[PDB]
>>> print(open('structure35.cif').read())   # mmCIF, C-alpha atoms
data_my_file
loop_
_atom_site.group_PDB
_atom_site.id
_atom_site.type_symbol
_atom_site.label_atom_id
_atom_site.label_comp_id
_atom_site.auth_asym_id
_atom_site.auth_seq_id
_atom_site.Cartn_x
_atom_site.Cartn_y
_atom_site.Cartn_z
ATOM 1 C CA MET L 18 120.219 80.354 -24.424
ATOM 2 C CA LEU L 19 122.493 78.398 -22.083
ATOM 3 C CA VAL L 20 124.932 76.031 -23.793
ATOM 4 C CA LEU L 21 125.579 72.711 -22.057
ATOM 5 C CA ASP L 22 128.852 72.453 -20.134
ATOM 6 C CA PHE L 23 130.833 69.775 -18.298
ATOM 7 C CA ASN L 24 133.881 71.243 -16.557
ATOM 8 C CA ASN L 25 136.757 71.859 -18.968
ATOM 9 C CA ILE L 26 139.824 71.365 -16.774
ATOM 10 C CA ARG L 27 142.635 69.551 -18.581
ATOM 11 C CA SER L 28 145.930 69.833 -16.702
ATOM 12 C CA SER L 29 148.377 67.078 -15.758
ATOM 13 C CA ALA L 30 152.152 67.170 -15.315
ATOM 14 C CA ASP L 31 154.102 65.344 -12.609
ATOM 15 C CA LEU L 32 156.732 62.734 -13.474
ATOM 16 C CA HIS L 33 160.259 62.388 -12.090
ATOM 17 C CA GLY L 34 162.536 60.068 -10.138
ATOM 18 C CA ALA L 35 166.061 58.861 -10.861
ATOM 19 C CA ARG L 36 169.185 58.683 -8.700
ATOM 20 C CA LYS L 37 171.806 55.926 -8.660
ATOM 21 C CA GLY L 38 175.588 56.215 -8.621
ATOM 22 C CA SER L 39 176.154 52.491 -9.091
ATOM 23 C CA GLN L 40 175.278 49.500 -11.271
ATOM 24 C CA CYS L 41 173.697 47.148 -8.734
ATOM 25 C CA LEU L 42 173.768 46.362 -5.013
ATOM 26 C CA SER L 43 172.699 42.720 -5.280
ATOM 27 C CA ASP L 44 171.516 40.030 -7.694
ATOM 28 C CA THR L 45 167.932 41.007 -6.878
ATOM 29 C CA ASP L 46 168.546 44.184 -8.875
ATOM 30 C CA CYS L 47 169.225 42.119 -11.996
ATOM 31 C CA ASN L 48 166.516 40.648 -14.224
ATOM 32 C CA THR L 49 165.758 37.438 -12.330
ATOM 33 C CA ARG L 50 168.043 34.461 -12.938
ATOM 34 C CA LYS L 51 171.252 36.505 -12.920
ATOM 35 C CA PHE L 52 173.954 37.260 -10.351
ATOM 36 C CA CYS L 53 175.695 40.599 -9.819
ATOM 37 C CA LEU L 54 179.400 39.830 -10.214
ATOM 38 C CA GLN L 55 181.746 42.296 -8.517
ATOM 39 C CA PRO L 56 185.394 41.796 -9.559
ATOM 40 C CA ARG L 57 188.281 43.375 -7.653
ATOM 41 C CA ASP L 58 190.107 44.446 -10.812
ATOM 42 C CA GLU L 59 186.910 45.626 -12.506
ATOM 43 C CA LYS L 60 183.650 47.310 -11.503
ATOM 44 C CA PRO L 61 180.394 45.605 -10.430
ATOM 45 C CA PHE L 62 177.798 44.725 -13.067
ATOM 46 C CA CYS L 63 175.014 42.314 -14.015
ATOM 47 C CA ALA L 64 176.285 38.954 -15.261
ATOM 48 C CA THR L 65 174.553 36.074 -17.041
ATOM 49 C CA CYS L 66 173.800 32.540 -15.856
ATOM 50 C CA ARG L 67 176.761 30.156 -15.726
ATOM 51 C CA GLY L 68 176.627 26.719 -17.323
ATOM 52 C CA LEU L 69 178.304 23.460 -16.326
ATOM 53 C CA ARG L 70 181.196 24.532 -18.552
ATOM 54 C CA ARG L 71 181.360 28.021 -17.044
ATOM 55 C CA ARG L 72 183.932 28.551 -14.293
ATOM 56 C CA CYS L 73 183.097 29.685 -10.760
ATOM 57 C CA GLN L 74 184.758 30.594 -7.461
ATOM 58 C CA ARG L 75 181.887 30.150 -5.006
ATOM 59 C CA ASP L 76 178.569 28.318 -4.698
ATOM 60 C CA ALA L 77 176.495 31.498 -4.943
ATOM 61 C CA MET L 78 178.520 32.709 -7.927
ATOM 62 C CA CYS L 79 176.813 30.035 -10.027
ATOM 63 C CA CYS L 80 173.115 29.955 -10.918
ATOM 64 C CA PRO L 81 170.595 28.531 -8.411
ATOM 65 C CA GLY L 82 170.452 24.744 -8.516
ATOM 66 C CA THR L 83 174.124 23.943 -9.058
ATOM 67 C CA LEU L 84 177.409 23.533 -7.187
ATOM 68 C CA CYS L 85 180.917 24.902 -7.722
ATOM 69 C CA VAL L 86 183.418 22.059 -8.091
ATOM 70 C CA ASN L 87 187.023 22.408 -9.252
ATOM 71 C CA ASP L 88 186.287 26.065 -9.992
ATOM 72 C CA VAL L 89 183.635 24.886 -12.453
ATOM 73 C CA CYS L 90 179.836 24.782 -12.376
ATOM 74 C CA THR L 91 178.379 21.301 -11.905
ATOM 75 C CA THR L 92 174.909 19.790 -11.545
ATOM 76 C CA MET L 93 173.647 18.599 -8.161
ATOM 77 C CA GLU L 94 173.375 15.089 -9.603
ATOM 78 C CA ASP L 95 177.077 15.110 -10.479
ATOM 79 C CA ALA L 96 178.445 16.754 -7.333
ATOM 80 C CA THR L 97 178.059 13.870 -4.882
ATOM 81 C CA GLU L 98 180.825 12.912 -2.456
ATOM 82 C CA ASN L 99 180.800 10.513 0.497
ATOM 83 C CA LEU L 100 177.882 8.336 -0.609
ATOM 84 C CA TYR L 101 176.006 5.930 1.660
ATOM 85 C CA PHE L 102 177.391 2.413 2.093
ATOM 86 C CA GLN L 103 174.454 0.354 3.359
ATOM 87 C CA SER L 104 174.121 -3.351 2.567
ATOM 88 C CA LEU L 105 170.701 -4.976 2.934
ATOM 89 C CA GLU L 106 167.768 -5.685 5.251
ATOM 90 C CA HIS L 107 168.035 -8.481 7.815
ATOM 91 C CA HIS L 108 165.038 -10.786 8.247
ATOM 92 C CA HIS L 109 164.634 -14.300 9.654
ATOM 93 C CA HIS L 110 161.874 -16.885 9.243
ATOM 94 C CA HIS L 111 161.331 -20.526 10.212
ATOM 95 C CA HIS L 112 159.026 -23.027 11.918
#
>>> encode(input="structure35.cif", output="structure tokens")
Amino acid sequence: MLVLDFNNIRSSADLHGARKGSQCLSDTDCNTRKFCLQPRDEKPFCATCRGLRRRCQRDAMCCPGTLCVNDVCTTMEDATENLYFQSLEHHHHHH
């Protein structure tokens, strides 16, 4: 007359964690391919990638893989100053 038993012990409750008085400390806080712009007139926040048409102030301000020229984003293939001169290869030959 002994009914089968297992344990009967259902009890779970422990979830918490949230404290931040800011938007972001660095770009790493953002999604992935985004930089955390921090204006002097405005507050810091997560910005979106900047295109070749988008304006910039620094090299890091623009997305990874581009340069900031004339306050505007530009491809690495475009931004190329002081190229190599070179000429040709010297080689003699005779009998």
>>> closest_residue(input="structure35.cif", among="L:77, L:102, L:64, L:95", to="residue 41 in chain L", atoms="only C-alpha atoms")
L:64
>>> atom_distance(input="structure35.cif", atom1="CA of residue 71 in chain L", atom2="CA of residue 44 in chain L")
18.1 Å
>>> atom_distance(input="structure35.cif", atom1="CA of residue 73 in chain L", atom2="CA of residue 88 in chain L")
4.9 Å
>>> atom_distance(input="structure35.cif", atom1="CA of residue 98 in chain L", atom2="CA of residue 69 in chain L")
17.6 Å
>>> closest_residue(input="structure35.cif", among="L:32, L:20, L:85, L:80", to="residue 52 in chain L", atoms="all atoms listed in the file")
L:80
>>> closest_residue(input="structure35.cif", among="L:19, L:100, L:63, L:68", to="residue 45 in chain L", atoms="all atoms listed in the file")
L:63
